[PDB]
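Residue numbers (this note's numbering), protein chains in the order written: chain L, 568 to 805; chain A, 77 to 310; chain R, 161 to 410; chain B, 152 to 352; chain H, 15 to 227; chain S, 432 to 630; chain F, 10 to 252; chain X, 9 to 225; chain E, 2 to 234.
Where a beta carbon is used, it is the ideal one built from N, C-alpha and C, also for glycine.
For reference, the structure discussed in these notes is given below.
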Amino acid sequence: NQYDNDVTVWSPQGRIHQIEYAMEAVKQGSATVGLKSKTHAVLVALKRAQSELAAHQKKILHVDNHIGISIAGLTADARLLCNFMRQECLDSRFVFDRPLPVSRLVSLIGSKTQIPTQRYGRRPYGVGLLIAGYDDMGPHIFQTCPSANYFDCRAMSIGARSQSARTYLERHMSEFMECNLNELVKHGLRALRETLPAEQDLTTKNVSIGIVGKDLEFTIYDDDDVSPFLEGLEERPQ
Amino acid sequence: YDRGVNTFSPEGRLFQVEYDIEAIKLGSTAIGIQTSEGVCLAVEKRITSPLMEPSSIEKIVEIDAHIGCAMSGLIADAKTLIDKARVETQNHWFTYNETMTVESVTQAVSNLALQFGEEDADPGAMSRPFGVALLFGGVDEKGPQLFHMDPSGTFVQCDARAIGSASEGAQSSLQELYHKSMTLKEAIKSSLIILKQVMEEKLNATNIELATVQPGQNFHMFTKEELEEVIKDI
Amino acid sequence: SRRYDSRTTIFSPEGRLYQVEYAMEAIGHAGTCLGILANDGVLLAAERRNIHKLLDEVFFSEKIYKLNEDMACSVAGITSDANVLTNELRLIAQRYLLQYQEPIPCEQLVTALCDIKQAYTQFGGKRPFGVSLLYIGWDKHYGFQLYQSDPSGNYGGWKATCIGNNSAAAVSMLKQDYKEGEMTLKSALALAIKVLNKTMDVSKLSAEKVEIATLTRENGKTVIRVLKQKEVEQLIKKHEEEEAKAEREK
Amino acid sequence: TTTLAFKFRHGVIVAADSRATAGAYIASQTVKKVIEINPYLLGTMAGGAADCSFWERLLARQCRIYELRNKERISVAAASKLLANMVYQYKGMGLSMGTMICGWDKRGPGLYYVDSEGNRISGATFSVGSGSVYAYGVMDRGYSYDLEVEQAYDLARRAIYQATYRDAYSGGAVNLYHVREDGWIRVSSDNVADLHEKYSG
Amino acid sequence: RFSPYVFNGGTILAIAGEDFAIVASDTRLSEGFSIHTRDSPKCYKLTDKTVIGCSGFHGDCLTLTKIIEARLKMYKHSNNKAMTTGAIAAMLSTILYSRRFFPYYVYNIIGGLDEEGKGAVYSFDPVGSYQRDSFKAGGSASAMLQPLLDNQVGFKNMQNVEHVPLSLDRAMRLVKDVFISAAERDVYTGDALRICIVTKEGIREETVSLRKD
Amino acid sequence: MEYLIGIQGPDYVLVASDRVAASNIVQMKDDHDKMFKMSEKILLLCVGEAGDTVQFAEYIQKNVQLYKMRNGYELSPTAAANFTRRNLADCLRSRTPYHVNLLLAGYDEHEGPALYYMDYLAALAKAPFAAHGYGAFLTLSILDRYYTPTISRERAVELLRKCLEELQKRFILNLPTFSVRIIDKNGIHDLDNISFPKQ
Amino acid sequence: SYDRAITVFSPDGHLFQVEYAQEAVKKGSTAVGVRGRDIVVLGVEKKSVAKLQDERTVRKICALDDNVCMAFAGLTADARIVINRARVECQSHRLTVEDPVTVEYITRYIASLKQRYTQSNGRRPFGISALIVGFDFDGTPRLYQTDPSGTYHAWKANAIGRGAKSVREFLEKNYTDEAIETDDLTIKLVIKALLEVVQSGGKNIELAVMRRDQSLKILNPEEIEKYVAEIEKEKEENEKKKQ
Amino acid sequence: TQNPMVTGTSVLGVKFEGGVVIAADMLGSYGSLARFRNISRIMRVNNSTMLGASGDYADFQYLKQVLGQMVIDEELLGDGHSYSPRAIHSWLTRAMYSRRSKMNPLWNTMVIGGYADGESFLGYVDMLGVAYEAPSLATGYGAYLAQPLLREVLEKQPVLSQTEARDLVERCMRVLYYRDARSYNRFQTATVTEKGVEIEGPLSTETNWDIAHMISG
Amino acid sequence: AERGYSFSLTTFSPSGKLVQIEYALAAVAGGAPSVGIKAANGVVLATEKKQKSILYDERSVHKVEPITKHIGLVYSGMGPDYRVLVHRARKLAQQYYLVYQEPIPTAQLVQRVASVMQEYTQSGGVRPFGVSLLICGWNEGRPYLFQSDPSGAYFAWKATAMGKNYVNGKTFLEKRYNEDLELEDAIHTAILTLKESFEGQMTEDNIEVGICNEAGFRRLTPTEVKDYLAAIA
Ligand SMILES: [Mg+2]
Ligand SMILES: [Mg+2]
Ligand SMILES: [Mg+2]
Ligand SMILES: [Mg+2]
Ligand SMILES: [Mg+2]
Ligand SMILES: [Mg+2]
Ligand SMILES: [Mg+2]
């Protein structure tokens, strides 16, 4: 275990266990999904409740008018990163009076989260992120991991049993780009459902949706607000 | 085995934060319930001696007229978080001239979440998490509200919640008794009924703290008498 | 980094600071040193360790230090470590003199240096100083006083005490042969050569194997002096040339 | 501006005009110069408007924290002392503050005068503002620690009025507060126009 | 040497009625004896029920405005709601006070609706001293506009008059009059007059014309 | 304007100050006290600028008290004067200089009565009698005239009485009442205020 | 600067460096305290009267302000630091505020200091518990205690240090409205409690008390043997005359 | 800068259908000395925005340095994003204001010319941070001699063509030469259109001195 | 980017010993031998400079270094550590002179440098100096000879040796010479005590010597060296 406790220690295999371990934090978090048409970026996520008397965890957060995110992993780290993301955006508007290009914001998360992975005593951020935004280059869905690495996606999903969702998304990609909103959201809700135990599915209590697009500023939907999307579902493969 | 305080386990969880969640299980038990007519908080002081002033033991405190908070775990640690909260509510009032919601307050406290570390840190920096669990009960523009927060920095709202050693049991009972339509009167009774169960000692009016906050009345810490009145119906 | 840090300022399961205790050990191996309190004076006597036929020794003493004008002290332990704690002692004295324009109260100069050693054991990750000191002096509050300090940042005032080698055999001895309330600088110097002759693997305790210094009042100004070679032996012979006379009574 | 406060048998009286100027221009006559610090402490406004409001508001913040930390209301001396301390740091930088901190301690009625100059003193009566000298006049000729409540009200209210008369920078409406052991009460608030058609009407 | 300030003129006025708030300002931006632009209104929308007007040194009004905007966004992310007209006013006060020893040479007037739905107006001095009013004007024409409002909207100096509430209609014309009269005497006022009306329905704008001289 | 006077006797020290807190053209306080209790046998008479007096005085005060709690015994009036002098002189060339003039009257159960005078510049001098303020100009000559190294406290209170009457005569500042106090082997004893029958 | 984290949580949720500090307190000279109504008392046990020593220079009893004082048990050096820090805070609470220091306030301050030192890099906790005494000026007389954890409570009476558990078991069986209902008997229960574990000699004790308005008073070994006889024989008027 | 040294006089800017034009003489004055007669006081900030500066030439070179790096930086990303005219104008206002607030101003008054999205951009920026948009801009003496002409024209025909505009600029650059004692009849003209930013070499204007012969009469 | 170790690398063992210091001395006891003699009328320093590996240019570097116009040094142990202390002593020597205007008293220079050496036995991240020095000086008539080792402790010697066979080199002098020895006399008994271990052909480039009389300190040239070598001069 001499190579497991410090991110400054490379293993004889050219790996950094601390980083890998942090990645594990993402997998634990409940699954979330992201996908975009050619005019909308959509975030979908499954919320968990500690006990039955507690509310479901937030999974989608508003960054700026053209950006929102879904989280998986340490909540405290999500808030740190979210606030960094929010700050960076406020600065852009202040100085340039224009929204921060989503890809540029992603590069900043990349640089910011890389630093601690290389310094003694520091730890990787323990959170993954799906980023949905819309700039003058259209809709975007990015992914960021505890390792300062990030990805530009057509669609994606992280979290527990997100492997199913990924699989479902990989099958209907070609469809996405031309989908109209409600259809795009359905594909999302549908993919999320893939990550669940057959004996249960999407409730207006455990689903959260985030939408941003040429026609709409990032908006979140959580309870009754989720119904309109849940209606017109699909059998749900038995 | 000696590692940094910010090390992850192969499971993707910070050892320290996990080890303090553990510390909470050694604290006294406290219960909070949320009713449309108000919120109440109850905790067993867990007196360890006759020679100890039962009053010099406050596990329930006022954050602000519209917000009360109950704690459990390493109480010495909670001192700090409690103050940051009171100070926060006042900075908000100073700046915006309006009261702070119960959610924002809880959140403010939660940001000191994983604010611990060694290298690359200031001198007056925490070296470990706080071994505390908290329950913020109060009333604001959104009606009465109860929030729970543990050392991971995570916090959420609850209709009813229990923290401390008897937490598991207590919460089971709370699930059996809660009604989305019950009352602050019913609520307080349940709290004591359940608290009475889980306590290892016989429920005295001098070994428990009870307080409420309702849409009208500002935070109130039940008196030794007002306890007699409710305990009367064991 | 975490791997090489020995944690010199941490608690042990017992609830003790091991680095302090190990410093003590080093002390209980250093040149014996003690001081007794009289009513007309106070003294210090130490086991001159720099004993060797090649040293040129050009100092007033080897283990006797002048701090205040009303104070002096002696050490047991790491000499370099000692030169550091004394230098700081002199500075604390003067800072007080500057600020108040009056000699610093004896005990106060001690609590001062103690707060510093105490610190080296609570924070910093540094090793404590390997030194224990004997303080003797006079101040318009308690006149003559004798003090002792440990590398733990601990201290106490003693009517009589010892530090260093066999700093146990020396205590008990004085602990019974000490005139609690009836001591003269002479009856003091008495136990001095008597106890040093004992706890000191030396036969006929030579004049060199020892260093003596006494502090006394004298028409105002305090006086601090270290006995000259001869002046020493007077008490050397006096001890023995009275001891054989003590067995003619048994 | 004209403010004043005096304490008698029934507590402490606090009155003030409501005029704010910018040079000779009357910028407002609806200024609340009696700052409702806490329901148990009152402060006045003289000198710089923002300077008094800001710091005393800060004081309100500090008093509230104090109460939450000691389950006791802060003493008048303590409060006024906080304000004095906060302000002394900036002595020489231009803050302009003339205020009277009033309340009821575990020592009885309390009244302190605090400056941006560094002053901080307890006293029976105090007048602050450009029109103060005038108010002193009528107030001094009429002040008795034994005045009856309704008598004290007339005096204070009169003093401020007389000042609004001579001092060009004092006027508007006349505000009056009464500090009682439980809390303070907002006695009256009368225009000067009215008060005139009474003192002589 | 070098002054970090300039006077750009322009006045700002606001009135609060039972269920509406009005915020008006000329649109001229000048410096010296010149005109930078004839189209520069000092009214800006902060929320759906809160409008602010800033006059004085344009450099500061611009910076101040952008600071307020950002801080509202922060408040929203932080408390999940928009800032009430009253909290915005409380905040603006502290923002102005942070520059107590290097003031924002600015006279701001906030016009909007309080949580109770009624109209509200808050006036500030450059360092944050403020209060709420029925109506108030700041800026160059400041002393020109006020007097007429004390009389017309406050029924001051008038014996036996009908204290009828400020009908939004009567208000809108009072605003246009004082600004038209001011445009006659204050070289700084002129060009145009933009009004922003805040009601339960939202914020509506109207631009009346003024002397270009 | 503030006045301070102190007369040292053979076994005590008598000191007095006015009780007016002036501001502009009015007396804002009728009963103001210029003296500060440092020890049981020490007083610090302080006058000067609006905030500097209290702030500094109390600072030297609490620091003398702290000395008591830390060592058990109090500081000798002679040691306190050099203390206060050290601080004032150390702040002189700082960012926070204190503009205060003062008198330090104390009794040492070994050295006897002592009266110290101090410049806002922090110049320290011991003296049999001394004064501060404009009053000093009109009264120091009197003391030189009637002071004897043996004057008894009955005499002293009379010599003071003279200086005080002089101010009611020549000085143009109101100054109606004067706090008075004595210090001997038995501590700090008050005294009735020397007052003058003016409305 | 040294930033290592000295006090950290363990697998089951323990803070060993604190528990160890608490151990050092245990290895300290017992110390008891009782809260009366006119005079609160405190006595320091195992005073190891080495005689060659010097009473004054080692009394585990100290005054912080003119209305408060304290006793401690544990690492001697640490206590000093904490003592003189509370002393300072006492005078500074008078410069910021004008009123004096409260009973609780100062205790809370000390607890906060200790708690902090269990959560700051580079530092070790303070190895001492404290029995703080004082009457709440313009109110009742209070008694408080603090341990390294930083936690604090008000006690009717209590003991800390060597065998404090015993003396505690004892105290719990001797405290009553009647028991020590007068200053004469108040200072008694402590005397008994101390002795109820205190080595033989009496020259091992160093009691003292403070009056509900008067300064502090460190009893003389004389008034000691007296109150140590008024009960030395009183421990016979019911143990040697009814046994 | 506390004391401007080598400076450039007025700067003009007017917008037309599908573009904006800016003019600035090539003079760097040092007090009353026409010291540097051939320096460009115009800059191309990326393809859709250009800038003209009045004031301390050294500071202008500085801004030109920082702005150039900024454009380069952005181009490296080739992320399909790039500063617009309003953006550059916004940044400059923040910059000028920031420096003014540190009591160490960049002694320039600038005209930002741009074209993006079929719309014309023209912005003003002080050393104090006063900034605004308008159809015509004139700094220095140009604000007293040129702006009255420019407005005159626009109050009777809001829309000019690249040619009608260039005609006005030339007329103004002439009036400036006749009345501003620190001008030089040797300027440049920068134009921005969907095609980009173009800067025109050393130009001059026909000047008429026939009134000189009216001494006596 | 570098941080720094703030914990001390020297710490008491249970035996009460300061391990690193002992080990430092071990580096000393293993270094080229050095001898110092206080001739009650001056002092001499000499050491084994046996480099000259036929390619080594004996000149380019010295072991007997001048601190001030009247002070001098030699060591036994790690050469690089020495060099550091030489620069610090010379520096300490100037900081004294600027303030007092009087050359620094040899005892004082020793105390100051000893303090430094002591510093490196407690400060964090560092190891003690692996060296021992012999300082010689003529301050106020009387000649002085001192030695300070890794611990930062110093002593004044009438004469001594350090390095290899320092045990034998001492005992040898413990008798093979005594006080009252004049100048050139102490120099001979010094180069001799050196040879009492100097394995090889001890020439004028195998050694280096300096002397400190009450008229300044200096290093002797290969000439004056080649001379004394011939068992006289
Ligand atoms: Mg505008
Ligand atoms: Mg002095
Ligand atoms: Mg100072
Ligand atoms: Mg002792
Ligand atoms: Mg106890
Ligand atoms: Mg300048
Ligand atoms: Mg060598």
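Per DSSP, residue 175(A) lies in no beta strand (DSSP E) and is assigned neither H nor E. Beta bridge pairing from DSSP links residue 251(B) with 264(B). For residue 186(B), no CB of chain A lies under 8 Å from its own CB, so it is not counted at the interface with that chain. When 7 Å is used as the limit between beta carbons, residue 151(X) is near these residues of chain H: 48, in chain order. Put simply, the residues with a CB less than 5 Å from any heavy atom of ligand 1 are 54(H) and 55(H), in chain order. Within chain S, the residues whose beta carbon sits less than 8 Å from that of residue 74(F) are 500, listed in sequence order. Secondary structure note for residue 248(F): it is in no alpha helix (DSSP H), with a DSSP letter that is neither H nor E.
Residues of the segment 476-494 of chain S with a C-beta less than 9 Å from any C-beta of chain B: 480, 481, 482, 483, 484, 485 and 486, listed in chain order. For residue 234(A), the closest alpha carbon among the candidates 217(A), 255(A), 241(A) and 242(A) is that of 255(A). Beta-bridge analysis with DSSP links residue 776(L) to 611(L) and 788(L).
For residue 10(X), the Cβ falls inside the 7 Å cut-off from some heavy atom of ligand 6. Apart from the 5 residues on each side of it in sequence, residue 175(H) sits with its Cβ closer than 8 Å to the Cβ of 169 in its chain, given in chain order. Per DSSP, the beta-bridge partners of residue 68(H) are 122(H). Across the segment 200-219 of chain R, CB contacts with chain E closer than 7 Å involve 210, 213, 214, 215, 216, 217 and 218, in sequence order along the chain.
A Cβ-Cβ separation of about 6 Å places residue 91(F) in contact with residue 119(F) under the 8 Å criterion.
In the structure shown, the three-state DSSP call for residue 165(H) is helix.
Not a single C-beta of chain F is nearer than 8 Å to the C-beta of residue 244(A). Between residue 94(X) and chain L, the shortest Cβ-Cβ separation is below 8 Å. When C-beta atoms of the segment 137-154 of chain A are compared with those of the segment 169-189 of chain R, fewer than three pairs fall below 8 Å, so the two segments do not count as touching.
Below the 7 Å Cβ cutoff, chain B contributes 272 as neighbours of residue 452(S), in chain order.
If you ignore the 5 residues before and after residue 735(L), its C-beta comes within less than 7 Å of the C-beta of 757, 758 and 761, all in its own chain and listed in chain order. By the C-beta criterion, the segment 682-690 of chain L is judged to be in contact with the segment 568-579 of chain L, since at least 3 inter-stretch pairs fall below 8 Å.
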